[PDB]
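**Student:** Partial complex here, more coming in a sec:
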Amino acid sequence: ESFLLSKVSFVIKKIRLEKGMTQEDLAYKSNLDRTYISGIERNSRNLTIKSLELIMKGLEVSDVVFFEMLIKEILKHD
(Lines give C-alpha, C1' and ligand atoms only; values in the text may rest on other atoms or scores of the structure.)
Protein backbone atom coordinates (compact mmCIF):
# COMPACT_ATOMS: atom_id res chain seq x y z
CA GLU A 1 0.00 0.00 0.00
CA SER A 2 1.00 3.68 0.13
CA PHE A 3 1.31 4.95 3.68
CA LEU A 4 1.02 8.63 2.74
CA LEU A 5 -1.98 7.92 0.50
CA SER A 6 -3.87 6.38 3.43
CA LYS A 7 -3.13 9.37 5.66
CA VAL A 8 -4.34 11.88 3.06
CA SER A 9 -7.59 9.97 2.39
CA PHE A 10 -8.16 9.59 6.11
CA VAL A 11 -8.01 13.38 6.58
CA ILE A 12 -10.31 13.93 3.57
CA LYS A 13 -12.88 11.60 5.18
CA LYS A 14 -12.43 13.24 8.58
CA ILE A 15 -13.08 16.81 7.33
CA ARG A 16 -15.95 15.54 5.18
CA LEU A 17 -17.71 14.12 8.23
CA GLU A 18 -16.92 17.24 10.29
CA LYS A 19 -18.57 19.39 7.62
CA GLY A 20 -21.59 17.02 7.71
CA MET A 21 -21.23 16.05 4.01
CA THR A 22 -21.79 12.74 2.27
CA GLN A 23 -19.54 11.41 -0.54
CA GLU A 24 -22.15 12.58 -3.07
CA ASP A 25 -21.99 16.04 -1.43
CA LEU A 26 -18.23 16.13 -1.84
CA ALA A 27 -18.45 14.83 -5.43
CA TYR A 28 -20.93 17.57 -6.23
CA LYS A 29 -18.88 20.30 -4.57
CA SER A 30 -15.60 19.16 -6.21
CA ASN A 31 -16.80 18.58 -9.76
CA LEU A 32 -15.60 15.07 -9.27
CA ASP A 33 -17.31 11.77 -9.74
CA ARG A 34 -18.95 9.94 -6.85
CA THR A 35 -16.99 6.74 -7.62
CA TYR A 36 -13.72 8.61 -7.60
CA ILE A 37 -14.40 10.05 -4.13
CA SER A 38 -15.56 6.64 -2.94
CA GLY A 39 -12.38 5.11 -4.44
CA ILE A 40 -10.12 7.70 -2.73
CA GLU A 41 -11.55 7.01 0.71
CA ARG A 42 -10.97 3.32 -0.11
CA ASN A 43 -7.33 3.99 -1.12
CA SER A 44 -7.93 2.19 -4.46
CA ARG A 45 -7.09 5.19 -6.65
CA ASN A 46 -4.10 7.49 -6.82
CA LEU A 47 -4.79 11.16 -6.43
CA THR A 48 -2.99 14.02 -8.12
CA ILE A 49 -2.21 17.35 -6.40
CA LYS A 50 -4.72 19.09 -8.66
CA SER A 51 -7.45 16.66 -7.59
CA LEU A 52 -6.52 17.21 -3.96
CA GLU A 53 -6.86 20.95 -4.52
CA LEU A 54 -10.35 20.40 -6.03
CA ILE A 55 -11.18 18.28 -2.95
CA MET A 56 -10.03 20.95 -0.45
CA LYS A 57 -12.14 23.46 -2.37
CA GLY A 58 -15.13 21.08 -2.15
CA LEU A 59 -14.51 20.69 1.62
CA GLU A 60 -14.08 24.46 1.96
CA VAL A 61 -10.86 24.05 3.97
CA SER A 62 -7.68 26.10 3.63
CA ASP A 63 -4.41 24.52 2.45
CA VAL A 64 -2.75 25.25 5.80
CA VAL A 65 -5.47 23.76 8.00
CA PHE A 66 -5.60 20.68 5.76
CA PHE A 67 -1.86 20.03 5.99
CA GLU A 68 -1.74 20.89 9.66
CA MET A 69 -4.29 18.08 10.14
CA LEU A 70 -2.27 15.76 7.96
CA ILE A 71 0.82 16.32 10.14
CA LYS A 72 -1.22 15.65 13.28
CA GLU A 73 -2.46 12.45 11.65
CA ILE A 74 1.00 11.25 10.54
CA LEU A 75 2.26 11.79 14.10
CA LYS A 76 -0.46 9.94 16.07
CA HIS A 77 1.39 6.91 17.54
CA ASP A 78 0.45 3.48 19.06
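**Tutor:** Okay, I see it. Residues are numbered from 1 along each chain as shown, chains lettered A, B, ... in the order given.
**Student:** Distance of the closest residue to residue A:74 other than its chain neighbours relative to residue A:24?
**Tutor:** Residue nearest to residue A:74 in three dimensions, not counting chain neighbours: residue A:7, with 5.5 Å by Cβ to Cβ, 6 or more residues apart in numbering. All C-beta spots, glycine's among them, are computed from the backbone N, C-alpha and C. Per Cβ to Cβ, to the nearest Å, residue A:7 is found 24 Å from residue A:24.
**Student:** neighbour count winner among those two?
**Tutor:** residue A:7 (16 against 11; other Cβ atoms under 10 Å).
**Student:** helix or strand for that one, which one?
**Tutor:** Using DSSP states H and E, residue A:7 sits within helix A:3-18.
**Student:** Go through that helix and flag the buried ones.
**Tutor:** A:7-12, A:15-16 (16 or more other Cβ atoms under 10 Å).
**Student:** Sequence for chain B below, add it please:
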Amino acid sequence: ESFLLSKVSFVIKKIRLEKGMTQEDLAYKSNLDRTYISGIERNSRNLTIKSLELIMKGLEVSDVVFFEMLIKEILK
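**Tutor:** Just below you will find chain B, in place on the chains above:
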Protein backbone atom coordinates in the same frame (compact mmCIF):
# COMPACT_ATOMS: atom_id res chain seq x y z
CA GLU B 1 -2.38 26.94 -13.61
CA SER B 2 -2.58 25.29 -10.14
CA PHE B 3 -1.49 27.22 -7.05
CA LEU B 4 -0.95 24.17 -4.83
CA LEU B 5 1.09 22.40 -7.53
CA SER B 6 3.48 25.37 -7.81
CA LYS B 7 3.99 25.40 -4.04
CA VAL B 8 4.69 21.64 -4.04
CA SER B 9 7.21 21.79 -6.87
CA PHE B 10 8.88 24.86 -5.28
CA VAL B 11 9.54 22.92 -2.09
CA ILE B 12 10.85 19.92 -4.10
CA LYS B 13 13.37 22.17 -5.84
CA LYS B 14 14.28 23.89 -2.56
CA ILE B 15 15.09 20.65 -0.72
CA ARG B 16 16.88 19.31 -3.78
CA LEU B 17 19.26 22.29 -3.78
CA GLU B 18 19.68 22.08 0.01
CA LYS B 19 20.73 18.42 -0.37
CA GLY B 20 23.15 19.48 -3.12
CA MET B 21 21.49 17.27 -5.77
CA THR B 22 20.99 17.83 -9.48
CA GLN B 23 17.76 16.84 -11.24
CA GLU B 24 19.57 13.74 -12.58
CA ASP B 25 20.50 12.91 -8.96
CA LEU B 26 16.89 13.15 -7.90
CA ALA B 27 15.71 11.17 -10.94
CA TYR B 28 18.22 8.44 -10.09
CA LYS B 29 17.29 8.35 -6.40
CA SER B 30 13.51 8.34 -7.08
CA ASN B 31 13.43 5.78 -9.88
CA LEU B 32 11.84 8.54 -11.91
CA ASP B 33 12.75 9.92 -15.30
CA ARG B 34 14.98 13.02 -15.68
CA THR B 35 12.38 14.68 -17.90
CA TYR B 36 9.63 14.07 -15.35
CA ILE B 37 11.62 15.75 -12.56
CA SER B 38 12.48 18.60 -14.91
CA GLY B 39 8.84 18.92 -15.88
CA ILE B 40 7.67 18.95 -12.27
CA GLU B 41 9.97 21.83 -11.42
CA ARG B 42 8.63 24.00 -14.23
CA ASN B 43 5.06 23.25 -13.17
CA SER B 44 4.29 21.52 -16.42
CA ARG B 45 3.57 18.04 -15.16
CA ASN B 46 0.96 16.80 -12.72
CA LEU B 47 2.15 14.59 -9.92
CA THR B 48 0.38 11.92 -7.94
CA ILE B 49 0.75 11.30 -4.21
CA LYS B 50 2.70 8.10 -4.94
CA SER B 51 5.14 10.05 -7.11
CA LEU B 52 5.46 12.64 -4.37
CA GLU B 53 6.27 9.84 -1.92
CA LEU B 54 8.91 8.51 -4.32
CA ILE B 55 10.33 12.02 -4.53
CA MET B 56 10.51 12.54 -0.73
CA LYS B 57 12.32 9.19 -0.50
CA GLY B 58 14.82 10.32 -3.13
CA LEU B 59 15.35 13.62 -1.26
CA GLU B 60 15.66 11.63 1.96
CA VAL B 61 13.24 13.93 3.78
CA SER B 62 10.51 12.84 6.20
CA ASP B 63 6.80 13.43 5.48
CA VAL B 64 6.40 15.80 8.37
CA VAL B 65 9.43 17.97 7.51
CA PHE B 66 8.28 18.21 3.88
CA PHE B 67 4.74 19.34 4.72
CA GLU B 68 6.03 21.65 7.43
CA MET B 69 8.03 23.39 4.71
CA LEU B 70 5.03 23.36 2.42
CA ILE B 71 2.89 25.21 5.01
CA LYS B 72 5.68 27.75 5.53
CA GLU B 73 5.80 28.29 1.77
CA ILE B 74 2.02 28.65 1.42
CA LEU B 75 2.03 31.30 4.18
CA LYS B 76 4.93 33.30 2.64
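**Student:** Check the buried residues of helix A:3-18 one more time with chain B there.
**Tutor:** Neighbour counts over helix A:3-18 (16 or more other Cβ atoms under 10 Å in any protein chain shown) mark A:4-5, A:7-12, A:15-16 as buried.
**Student:** residues in chain A within reach of chain B, list them.
**Tutor:** Within reach of chain B by Cβ under 8 Å from any Cβ of the partner chain, chain A has these residues: A:2-5, A:7-8, A:46-50, A:52-53, A:56, A:63-64, A:67-68, A:70-71, A:74-75.
**Student:** give me that answer again for 10 Å
**Tutor:** For chain A, the contact set with chain B under Cβ under 10 Å from any Cβ of the partner chain comprises A:2-9, A:40, A:45-54, A:56-57, A:62-68, A:70-71, A:74-75.
**Student:** Tell me which residue lies nearest the centroid of chain A.
**Tutor:** Geometric centre of chain A, nearest residue: residue A:12, 2.3 Å, by Cα atoms, centre = their mean.
**Student:** Need the buried residues of helix A:3-18 in CSV (columns: distance to residue A:30).
**Tutor:** Shown next, in CSV, are the buried residues of helix A:3-18 (distance: Cβ to Cβ, whole Å):
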residue, distance to residue A:30
A:4, 20
A:5, 18
A:7, 19
A:8, 15
A:9, 14
A:10, 17
A:11, 15
A:12, 10
A:15, 12
A:16, 11
